[PDB]
């Protein structure tokens, strides 16, 4: 695995026409998957991280937007990163996106972290674009290698014992962090239960406690659920992703929860910026926003 060569070819598109592909070899991509999978399994499923850190939400294969995020936030390892999942699907360059992220995980395994999103799941990414991209540019076997890698991604992270991070949200099943630690990998994402909820649930201001989720899976939770969770676990903030928000970040429940979404102009219903949350060493948080100029 010539890591520096792979990263170099991935970063050669930097400055060129948006949409130009990097066609790594199948062996190089498989090498990224196998080596990153080993590192994921060697680290906890519930990461314990320290600030300073930049935290990013959904990317969805918008590779040049990922490069802009790194340009603004600082390329690894000048800044430490935590991504909240959803690297693939929807966008045109899921492969470049995931390959660069896996390469940085291998290169800087103690300063660069990737959580699992609901799209790092074969049932979802078979439909939402990643299967098609793998079948067109490579083959179906490579898609299955990615699945085996994704099945080993960690599920949540706690920053300085005070910020709880996951892709989706809370679960009505979650009373103890030990319940997360007891999840064994590799695993698929079930359509019900704790792991499903961590990747799929959503906050909702119109629900008292736990409610149904219009997506047809998991649940919604209200502001009082957030407050109770934070108090029970001596936490200050939930940081999650999974929903398109206009400014790239959005608070919920008196700044006790924030949603991050990092793929600009993702939808057709509204323009949206992408945001990252910067957490300094003292846990002071701010947002860096990538906004299309018009």
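If you superpose the two forms and keep the largest set of C-alpha atoms that fall within 1.5 Å, you have the rigid core. Positions refer to the first chain, counted from 1.
Larger average C-alpha displacement in 5 other deposited structures of this protein, relative to the shown form after a rigid core fit, is seen for 263 to 271 when comparing 263 to 271 with 24 to 32. Two stretches are in play, 14 to 22 and 281 to 289, and the higher mean C-alpha B-factor belongs to 14 to 22. When the C-alpha B-factors of 208 to 216 and 158 to 166 are averaged, 208 to 216 comes out higher. Reading the B-factor column for the CA atoms of 258, 230, 267, 47 in the entry, the top value corresponds to 267. Ranking 42, 243, 262, 62 by Cα temperature factor from the entry places 42 first. In the PDB entry, a CA B factor belonging to the lowest third of its chain's modelled residues is recorded for residue 238. The deposited CA B-factor of residue 117 belongs to the lowest third of values across its chain.
In the deposited entry, the Cα temperature factor of residue 56 sits in the bottom third of values across the chain's modelled residues. When all modelled residues of the chain are sorted by CA temperature factor, residue 191 is found within the middle third.
Residue 89: CA B factor lies in the middle third for its chain, per the PDB record.
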